[PDB]
Amino acid sequence: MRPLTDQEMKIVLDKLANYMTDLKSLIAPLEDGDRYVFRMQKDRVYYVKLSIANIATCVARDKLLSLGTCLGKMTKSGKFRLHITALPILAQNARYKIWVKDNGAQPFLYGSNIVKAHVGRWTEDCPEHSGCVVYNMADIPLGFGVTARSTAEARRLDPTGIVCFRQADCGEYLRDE
Amino acid sequence: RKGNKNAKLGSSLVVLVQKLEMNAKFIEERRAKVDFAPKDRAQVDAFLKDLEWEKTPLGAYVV
Amino acid sequence: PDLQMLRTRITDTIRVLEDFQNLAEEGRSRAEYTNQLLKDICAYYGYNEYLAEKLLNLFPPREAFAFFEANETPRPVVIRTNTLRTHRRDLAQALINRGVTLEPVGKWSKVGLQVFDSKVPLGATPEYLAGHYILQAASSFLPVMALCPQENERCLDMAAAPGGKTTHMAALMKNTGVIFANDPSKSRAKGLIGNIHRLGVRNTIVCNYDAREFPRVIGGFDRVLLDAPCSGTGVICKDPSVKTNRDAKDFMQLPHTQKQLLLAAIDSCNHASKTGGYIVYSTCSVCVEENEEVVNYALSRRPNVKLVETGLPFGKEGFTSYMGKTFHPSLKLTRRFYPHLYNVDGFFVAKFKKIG
Amino acid sequence: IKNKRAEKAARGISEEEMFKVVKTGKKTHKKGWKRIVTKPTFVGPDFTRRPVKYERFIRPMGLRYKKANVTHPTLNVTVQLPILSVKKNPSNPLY
Amino acid sequence: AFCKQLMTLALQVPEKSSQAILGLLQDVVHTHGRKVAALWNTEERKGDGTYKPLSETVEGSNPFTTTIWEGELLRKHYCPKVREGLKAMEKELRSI
RNA sequence: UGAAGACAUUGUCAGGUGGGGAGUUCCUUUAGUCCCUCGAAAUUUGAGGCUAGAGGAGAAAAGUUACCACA
RNA sequence: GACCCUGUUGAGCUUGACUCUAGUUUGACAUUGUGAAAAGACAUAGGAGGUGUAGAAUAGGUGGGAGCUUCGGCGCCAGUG
C-alpha cells in the first residue's frame, strides 16, 4: 500500500471528472477533522478514509486484500479504468443521468447497451460522448457508461438505436461470486 | 477571543454551551428508537412523561 | 436392510424407553434398549456410531428423534435487508411485485425476511444486484444481535468468509468506525470482498491472517466477534459429510483450536472502552466439547472476563453439568438453538465482558 | 444404492437467450461472432456471469450432461453418479 | 436539506415569518410529496450515515437520515395561525 | 499578573507495517531419533525446535497465456 | 469460415533482495494532587446453595463404609446411571 504519485492522481481524477461534477466534495474535510484519501494496492485504487488508511498499515502488504471502496485498477499500459465497485461514488454526484425501464434494466444487467426502447427519462443538454450513470424507474443505480449520441440527436433516433455504451453493470457481482 | 476582556463572562457562556450539547446529545440517544409515522403517534405522545426536568443535564446545571 | 422396518423399530424402542417401568420384556435391561436405539438410528439416518451416541446423550429419546428428523429436512431460505440501502417494507413490496412470496422471519428481527417460493432467481434480482438484500441463514443473525456494535467503534470479525455477519455490523454501525474482516483463506476472501462492495460497505479492512495473530498485529478492539470453525453438527442439512466423517480425532483437535481462538479474542479486546469491551463467541455445533467447554476454559484461565446476558429473545439455557463435567454456574446465560424447536440451524452464542 | 435413494426421496435463463438479449443492443453483427461449442459440456450452476474472455463461447442446453455411468474397478459394479467438476481435459486447456 | 432547515427556521422566527415558512412547506409537500415523505416517517429513514446539521454543502448533510421532530414544539406555539399552519402541512402529508 | 486544567501534551520500554529515506552484497512440504519446549485431555494430540531436499542488482520494470479486441 | 504466428490492448498469474529508519499504528509504564459518591477484585467471620437425560427423587465432589439405630426406620442387595 502506498499513496498515489502526481501522475497517477491526475489520471484517476480525469476519469472521475468524466462522470461527476463536484470532485472537491470528495476530498473535503469532514466534521471530526478527517478526510478521504486515495491508496494503491496491487495496481488497484481505493477510496477510503485517512483514519482507516493509517490503522490499516499494521496489516502486511501481502496480507491486505481490500480497503474502503475500490474505484478500479490501473492497467498495464498506465490507464485508469473504473469498476462497478465505484458506482455508489459515481451516483452521488453524477453529472448526466439516464433512466431505463423494466424492459431495459434486465438487458443492461446482462451486459447490453441501452437502446431507445429502454430509455424512460433523459438528461437534457447532454453531449455526444459523455459519462452517464444508469438508473431504473425506482432511482436505483444500475451502472454507468458513455453516451453514444447527443440528447437532441437521440430523440430522433430509431427505437433499435444505441443511445448509451455500457461500461459497467451490477451483474458483474455475479461474476466474482 | 480573537473585544472585551471578561474571561468570567467567557467562561460563563463556555460552560453554558457545553451543557446544551450534553442535553442535545441526551435527547438524541433517547429518541433514536421512536416511531413517528404520520398516522400513529403514540410513542411520541408518551416520549418522556415519566421523567422530571431535574434529571436532564441542563436540569442538573440549572439547580 | 429394510429401512421402513428400521423406522418401526426406532419408534418402538423410543416408546419402550419412555415407559420402561411398566412396559418391558422378561430380562433385557434398558441399557441394551438404548443400544438397540443406537444401531437402528445409525442405519436409518446414516450416522456413524461415535456421533450418534454423542447426539443421543445430548437429548432425551423423543426429542432426539425430532432432532434427527429435523436434520434431514432442509431449512427455509431467509434474506437480510441491507439497512444501508432500504428497509424491510419496500424490499418485501419490491420482491412481491416481482413474484416472491415473503413473510417476516419472526418478531425477533426487524431485518430478516422469509421466502417460500419465487418465479425469478432470488440471487439475480435487480434489487439484489443493487445491494438491498443478502441471502443469509437465520442462525447467522444471532451473533451480531448479541454483539451490538455502536457507531465510531473498532470491531474485529475473526472469520468473515461468507460476509453476512460483517455486513450486518457495518449496517448497525451505519458505515462509521472500522471493521477488521479477517479470513485465513484467499479463495473465500474474494467472495467477502464482493459481498462488501455489492452491499455498499465503506468502513472495512479485509485482511488474510490466521486469527491467532491478531493481538500481535493490532489489538485494542472495542468489540470482537468469533465464529470458530467447528464440526458442523448443526448444519448437517446443508453438509451431510458431517454424519459420517467426524470421529474422536476430529473432536479433540477442534476444541483445542477453538480454545486458542477464544483466548486471542479476549486479549484482542479493550477492557477500558468508552462504549464496550464485549466478546461474542458463536458456533454452528451442538456438541458440548465445542460449547460450554471452551467457554469454561476461557473463564478458568482468564479471570478478567465475565459472561453477561446474551440479549437474544429466544433460546435455551446452556448446560451447567454433563458427563461428569462441572462448569461455572454463570454458563446458564449462554443460549442454544435447535432445528426441531426453532426452525433455525443448530447454534450456540456466548457473550463476554472484559474488566482488566 | 437404488433402494437407499428411493427411501430418501420418500422422506435462471440460458446462455443463448443472454446472447440474444446482448446482441439486440449491439445491432451491428460481426461475422463469426457466435462460437457454438459443439462438444458435450458440463456446467453446474443454473445462472452464472462469465468473464469477457469466455463470454463468446456458447454451450447449448442439449449438449449438457450432469451424471455419468461410473465403474468401480475393485467393487465390480457401476452406478450413475453426479458430476461435480471437470479437472483436466488432456486435449486443450480451453476445453 | 432545505425542508429540515426550514422547520428549524420556523422554530425561532416571528409569528408571521413562521407562518409564511409553514405555508411555503405546505406547497413543497403538496407539489413533490414522496420526495420528502420519508422525512416524516421514521421507518423510511435512511441508515447510511449520520445527519450533519452544520455541513458546508447541501449534499454534504445527509438529510434523509434524520426525522422532522419540530412539530412537537410548533404544535404548542403561541400563535393560533402557526398551529393551524402546522396542521395544514400534516393534512397534506396524510393525503399523500 | 490572569485563563484553562489532574484531561491533554510529552517521555521510556515492548511490538505490527513500512512500493517512502539511508547503507550493503520468516513461514510451508518431505523422511528420521519418538531428541527439547509450548498448548490441550488425562490414560493422548497439535504447533514450534534439530538433521538435509524443495518455494518465495531488485519499485526501474520484467516474464507469461491453445483467452479477448484491433491491425 | 476455420488453422498457425506477430505487434498493440484488455483480463489474469508470478517476480520485483537484505539491514536500520521517517511516517503510521497497538499495549504497558511515568509526571500526578486533594476530597466526595459509586462499581470490581483482594481479608476474615458468618449464613444459604447445587434440578441436562435416566434414576421414585434437587447426584457438588473426594475416602473408608456392611452395618447404623432418640431402636423404626434405614442400609446392603436388585435396579437407573
# chains A, B, ... in the order shown; residues from 1 in each chain; ligands from 1

$ residues_around --residues "residue E:79" --least-positions-apart "3" --cutoff "10 Å" --atoms "only C-alpha atoms (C1' of nucleotides)" --output "list in words"
residues 14, 15, 16, 18, 19, 74, 75, 76, 82, 83, 84 and 85 of chain E

$ write_last_selection --atoms "C-alpha atoms" --output "PDB file, in the first residue's frame"
ATOM      1  CA  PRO E  14     -41.554  35.974  14.474  1.00  0.00           C
ATOM      2  CA  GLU E  15     -45.130  34.735  14.183  1.00  0.00           C
ATOM      3  CA  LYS E  16     -45.751  35.991  10.652  1.00  0.00           C
ATOM      4  CA  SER E  18     -43.043  31.356  10.905  1.00  0.00           C
ATOM      5  CA  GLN E  19     -46.493  31.317   9.312  1.00  0.00           C
ATOM      6  CA  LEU E  74     -44.790  24.209  16.815  1.00  0.00           C
ATOM      7  CA  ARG E  75     -47.965  22.420  17.934  1.00  0.00           C
ATOM      8  CA  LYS E  76     -47.705  24.419  21.177  1.00  0.00           C
ATOM      9  CA  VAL E  82     -48.996  28.893  13.297  1.00  0.00           C
ATOM     10  CA  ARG E  83     -50.819  25.987  14.953  1.00  0.00           C
ATOM     11  CA  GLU E  84     -53.378  25.926  12.144  1.00  0.00           C
ATOM     12  CA  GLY E  85     -50.492  26.316   9.704  1.00  0.00           C
TER      13      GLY E  85
END

$ select_by_dssp --residues "stretch 96-169 of chain C" --states "strand (DSSP E or B)" --output "list in words"
residues 100, 101, 102, 103, 104, 112, 113, 114, 115, 116, 117, 118, 133, 134, 135, 136, 154, 155, 156 and 157 of chain C

$ closest_residue --among "A:126, A:37, A:114, A:60" --to "chain C" --atoms "only C-alpha atoms"
A:60

$ interface_residues --of "chain B" --to "chain F" --cutoff "12 Å" --atoms "only C-alpha atoms (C1' of nucleotides)" --output "list in words"
residues 1, 5, 6, 7, 8, 9, 10, 11 and 14 of chain B

$ interface_residues --of "chain G" --to "chain C" --cutoff "10 Å" --atoms "only C-alpha atoms (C1' of nucleotides)" --output "PyMOL selection string"
chain G and resi 25-27+40-41+50+52-54+60-61+79-81

$ interface_residues --of "chain D" --to "chain C" --cutoff "10 Å" --atoms "only C-alpha atoms" --output "PyMOL selection string"
chain D and resi 3-4+7-8+11-13+46-48

$ write_last_selection --atoms "N, CA and C atoms" --output "compact mmCIF listing (two decimals), in the first residue's frame"
# COMPACT_ATOMS: atom_id res chain seq x y z
N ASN D 3 -32.32 -48.57 -3.71
CA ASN D 3 -33.26 -48.60 -2.59
C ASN D 3 -32.99 -47.47 -1.61
N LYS D 4 -31.72 -47.16 -1.35
CA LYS D 4 -31.40 -46.06 -0.45
C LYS D 4 -31.89 -44.73 -1.01
N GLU D 7 -35.89 -44.48 -0.62
CA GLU D 7 -36.39 -44.09 0.70
C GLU D 7 -36.11 -42.62 0.98
N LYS D 8 -34.94 -42.13 0.55
CA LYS D 8 -34.60 -40.73 0.77
C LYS D 8 -35.57 -39.81 0.04
N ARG D 11 -38.79 -39.54 1.87
CA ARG D 11 -38.69 -38.71 3.07
C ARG D 11 -39.13 -37.28 2.78
N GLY D 12 -32.22 -19.96 -13.72
CA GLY D 12 -32.10 -18.72 -14.46
C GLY D 12 -32.50 -18.86 -15.91
N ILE D 13 -31.78 -18.17 -16.79
CA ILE D 13 -32.02 -18.23 -18.23
C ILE D 13 -30.74 -18.72 -18.91
N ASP D 46 -27.00 -23.00 -12.27
CA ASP D 46 -28.03 -22.63 -13.23
C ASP D 46 -27.72 -21.30 -13.90
N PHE D 47 -27.30 -20.30 -13.12
CA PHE D 47 -27.02 -18.97 -13.64
C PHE D 47 -25.67 -18.50 -13.14
N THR D 48 -24.82 -18.04 -14.06
CA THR D 48 -23.52 -17.51 -13.70
C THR D 48 -23.14 -16.43 -14.70

$ atom_distance --atom1 "atom CA of residue C:181" --atom2 "atom CA of residue C:167"
9.7 Å

$ interface_residues --of "chain C" --to "chain A" --cutoff "8 Å" --atoms "only C-alpha atoms" --output "list in words"
residues 124, 126, 129, 130, 178, 190, 191, 193, 194, 197, 198, 200, 201, 202, 203, 204, 205, 206, 207, 208, 209, 217 and 218 of chain C

$ write_last_selection --atoms "N, CA and C atoms" --output "tab-separated table (two decimals), in the first residue's frame"
chain	number	residue	atom	x	y	z
C	124	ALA	N	-30.34	-13.14	-8.39
C	124	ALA	CA	-30.08	-12.36	-9.59
C	124	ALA	C	-31.07	-11.21	-9.76
C	126	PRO	N	-32.86	-7.59	-9.57
C	126	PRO	CA	-32.23	-6.26	-9.63
C	126	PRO	C	-31.96	-5.60	-8.29
C	129	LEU	N	-28.83	-7.12	-6.95
C	129	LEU	CA	-27.63	-6.56	-7.56
C	129	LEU	C	-27.42	-5.11	-7.14
C	130	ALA	N	-28.46	-4.46	-6.63
C	130	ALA	CA	-28.33	-3.11	-6.09
C	130	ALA	C	-27.78	-3.10	-4.67
C	178	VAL	N	-14.46	1.36	12.12
C	178	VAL	CA	-13.58	0.48	11.37
C	178	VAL	C	-13.93	-0.96	11.71
C	190	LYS	N	-12.29	-13.52	-1.56
C	190	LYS	CA	-12.76	-12.82	-2.75
C	190	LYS	C	-14.27	-12.66	-2.72
C	191	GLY	N	-14.98	-13.68	-2.24
C	191	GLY	CA	-16.42	-13.56	-2.10
C	191	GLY	C	-16.83	-12.55	-1.05
C	193	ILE	N	-15.11	-9.84	-0.24
C	193	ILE	CA	-14.87	-8.52	-0.82
C	193	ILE	C	-15.99	-8.16	-1.78
C	194	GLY	N	-16.42	-9.12	-2.60
C	194	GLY	CA	-17.54	-8.86	-3.50
C	194	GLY	C	-18.82	-8.55	-2.75
C	197	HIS	N	-18.58	-4.88	-1.33
C	197	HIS	CA	-18.77	-3.84	-2.33
C	197	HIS	C	-20.19	-3.82	-2.88
C	198	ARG	N	-20.79	-5.00	-3.05
C	198	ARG	CA	-22.17	-5.06	-3.52
C	198	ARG	C	-23.12	-4.42	-2.52
C	200	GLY	N	-22.42	-2.11	-0.33
C	200	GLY	CA	-22.11	-0.72	-0.07
C	200	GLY	C	-21.52	-0.45	1.30
C	201	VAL	N	-20.47	-1.19	1.66
C	201	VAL	CA	-19.79	-1.03	2.93
C	201	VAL	C	-18.46	-0.34	2.68
C	202	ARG	N	-18.20	0.73	3.43
C	202	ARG	CA	-17.05	1.58	3.19
C	202	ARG	C	-16.05	1.60	4.34
C	203	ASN	N	-16.38	0.98	5.48
C	203	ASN	CA	-15.61	1.12	6.70
C	203	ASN	C	-14.96	-0.19	7.13
C	204	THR	N	-14.47	-0.97	6.17
C	204	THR	CA	-13.95	-2.29	6.45
C	204	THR	C	-12.55	-2.46	5.87
C	205	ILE	N	-11.76	-3.30	6.52
C	205	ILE	CA	-10.45	-3.72	6.04
C	205	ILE	C	-10.46	-5.24	5.97
C	206	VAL	N	-10.26	-5.78	4.78
C	206	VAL	CA	-10.23	-7.23	4.58
C	206	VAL	C	-8.77	-7.68	4.65
C	207	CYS	N	-8.44	-8.44	5.69
C	207	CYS	CA	-7.10	-8.96	5.89
C	207	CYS	C	-7.14	-10.48	5.85
C	208	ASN	N	-6.06	-11.07	5.35
C	208	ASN	CA	-5.94	-12.52	5.21
C	208	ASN	C	-4.91	-13.00	6.22
C	209	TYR	N	-5.36	-13.21	7.45
C	209	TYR	CA	-4.49	-13.60	8.55
C	209	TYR	C	-5.05	-14.83	9.24
C	217	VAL	N	-0.86	-8.29	15.78
C	217	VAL	CA	-0.98	-7.40	14.63
C	217	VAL	C	-1.42	-6.01	15.07
C	218	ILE	N	-2.61	-5.90	15.66
C	218	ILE	CA	-3.12	-4.59	16.03
C	218	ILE	C	-3.57	-4.53	17.49

$ interface_residues --of "chain E" --to "chain B" --cutoff "9 Å" --atoms "only C-alpha atoms" --output "number ranges by chain"
E: 40-43, 67, 69, 72, 90, 93-94

$ residues_around --residues "residue A:71" --least-positions-apart "3" --cutoff "6 Å" --atoms "only C-alpha atoms (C1' of nucleotides)" --output "MDAnalysis selection string"
chainID A and resid 45:46 82:83 86

$ write_last_selection --atoms "N, CA and C atoms" --output "mmCIF file, in the first residue's frame"
data_model
loop_
_atom_site.group_PDB
_atom_site.id
_atom_site.type_symbol
_atom_site.label_atom_id
_atom_site.label_comp_id
_atom_site.auth_asym_id
_atom_site.auth_seq_id
_atom_site.Cartn_x
_atom_site.Cartn_y
_atom_site.Cartn_z
ATOM 1 N N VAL A 45 -6.838 1.089 -7.174
ATOM 2 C CA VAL A 45 -7.032 2.340 -6.450
ATOM 3 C C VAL A 45 -8.204 2.176 -5.495
ATOM 4 N N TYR A 46 -8.038 2.656 -4.265
ATOM 5 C CA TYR A 46 -9.039 2.507 -3.219
ATOM 6 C C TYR A 46 -9.403 3.871 -2.650
ATOM 7 N N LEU A 82 -12.393 2.481 -14.416
ATOM 8 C CA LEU A 82 -13.343 2.406 -13.320
ATOM 9 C C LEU A 82 -13.998 1.028 -13.279
ATOM 10 N N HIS A 83 -14.478 0.653 -12.098
ATOM 11 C CA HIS A 83 -15.192 -0.600 -11.914
ATOM 12 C C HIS A 83 -16.511 -0.298 -11.222
ATOM 13 N N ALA A 86 -17.132 1.270 -7.891
ATOM 14 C CA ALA A 86 -17.129 2.716 -7.722
ATOM 15 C C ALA A 86 -18.474 3.366 -8.023
#

$ residues_around --residues "residue E:49" --least-positions-apart "4" --cutoff "7 Å" --atoms "only C-alpha atoms (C1' of nucleotides)" --output "PDB file with C-alpha atoms, in the first residue's frame"
ATOM      1  CA  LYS C 174     -24.120   2.962   9.920  1.00  0.00           C
ATOM      2  CA  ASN C 175     -20.906   2.754   7.863  1.00  0.00           C
TER       3      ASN C 175
ATOM      4  CA  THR E  65     -31.048  10.119   7.708  1.00  0.00           C
TER       5      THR E  65
END

$ atom_distance --atom1 "atom CA of residue B:63" --atom2 "atom CA of residue B:46"
25.4 Å

$ residues_around --residues "residue A:78" --least-positions-apart "3" --cutoff "12 Å" --atoms "only C-alpha atoms (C1' of nucleotides)" --output "MDAnalysis selection string"
(chainID A and resid 7:12 43:44 73:75 81) or (chainID G and resid 9)

$ interface_residues --of "chain D" --to "chain G" --cutoff "8 Å" --atoms "only C-alpha atoms (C1' of nucleotides)" --output "PyMOL selection string"
chain D and resi 32+51-53

$ interface_residues --of "chain F" --to "chain A" --cutoff "9 Å" --atoms "only C-alpha atoms (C1' of nucleotides)" --output "list in words"
residues 16, 17, 18, 19 and 20 of chain F

$ write_last_selection --atoms "N, CA and C atoms (P, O5', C5', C4', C3', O3' and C1' of nucleotides)" --output "PDB file, in the first residue's frame"
ATOM      1  P     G F  16       7.347  -7.249  15.484  1.00  0.00           P
ATOM      2  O5'   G F  16       6.003  -6.639  14.890  1.00  0.00           O
ATOM      3  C5'   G F  16       4.803  -7.395  14.881  1.00  0.00           C
ATOM      4  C4'   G F  16       3.736  -6.729  14.049  1.00  0.00           C
ATOM      5  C3'   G F  16       4.171  -6.236  12.679  1.00  0.00           C
ATOM      6  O3'   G F  16       4.175  -7.268  11.712  1.00  0.00           O
ATOM      7  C1'   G F  16       2.893  -4.567  13.769  1.00  0.00           C
ATOM      8  P     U F  17       5.265  -7.275  10.537  1.00  0.00           P
ATOM      9  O5'   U F  17       4.873  -6.018   9.643  1.00  0.00           O
ATOM     10  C5'   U F  17       3.615  -5.952   8.990  1.00  0.00           C
ATOM     11  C4'   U F  17       3.388  -4.590   8.390  1.00  0.00           C
ATOM     12  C3'   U F  17       4.496  -4.079   7.490  1.00  0.00           C
ATOM     13  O3'   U F  17       4.394  -4.589   6.175  1.00  0.00           O
ATOM     14  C1'   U F  17       3.818  -2.369   8.987  1.00  0.00           C
ATOM     15  P     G F  18       5.711  -4.890   5.314  1.00  0.00           P
ATOM     16  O5'   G F  18       6.222  -3.446   4.875  1.00  0.00           O
ATOM     17  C5'   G F  18       5.403  -2.584   4.100  1.00  0.00           C
ATOM     18  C4'   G F  18       5.793  -1.140   4.286  1.00  0.00           C
ATOM     19  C3'   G F  18       7.203  -0.771   3.859  1.00  0.00           C
ATOM     20  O3'   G F  18       7.279  -0.464   2.479  1.00  0.00           O
ATOM     21  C1'   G F  18       6.767   0.096   6.023  1.00  0.00           C
ATOM     22  P     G F  19       7.464  -1.613   1.373  1.00  0.00           P
ATOM     23  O5'   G F  19       8.022  -0.810   0.116  1.00  0.00           O
ATOM     24  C5'   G F  19       8.262  -1.451  -1.131  1.00  0.00           C
ATOM     25  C4'   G F  19       8.130  -0.481  -2.280  1.00  0.00           C
ATOM     26  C3'   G F  19       8.016   0.987  -1.881  1.00  0.00           C
ATOM     27  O3'   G F  19       8.617   1.802  -2.886  1.00  0.00           O
ATOM     28  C1'   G F  19       6.063   0.331  -3.040  1.00  0.00           C
ATOM     29  P     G F  20      10.078   2.430  -2.653  1.00  0.00           P
ATOM     30  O5'   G F  20       9.813   3.682  -1.707  1.00  0.00           O
ATOM     31  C5'   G F  20       9.177   4.847  -2.205  1.00  0.00           C
ATOM     32  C4'   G F  20       9.158   5.949  -1.178  1.00  0.00           C
ATOM     33  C3'   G F  20      10.504   6.319  -0.576  1.00  0.00           C
ATOM     34  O3'   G F  20      11.263   7.188  -1.399  1.00  0.00           O
ATOM     35  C1'   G F  20       8.932   6.045   1.156  1.00  0.00           C
TER      36        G F  20
END

$ atom_distance --atom1 "atom CA of residue E:36" --atom2 "atom CA of residue C:83"
19.0 Å

$ interface_residues --of "chain E" --to "chain A" --cutoff "12 Å" --atoms "only C-alpha atoms" --output "list in words"
residues 34, 35, 48, 50, 51, 52, 53, 54, 55, 56, 57, 58, 59, 60, 61 and 62 of chain E
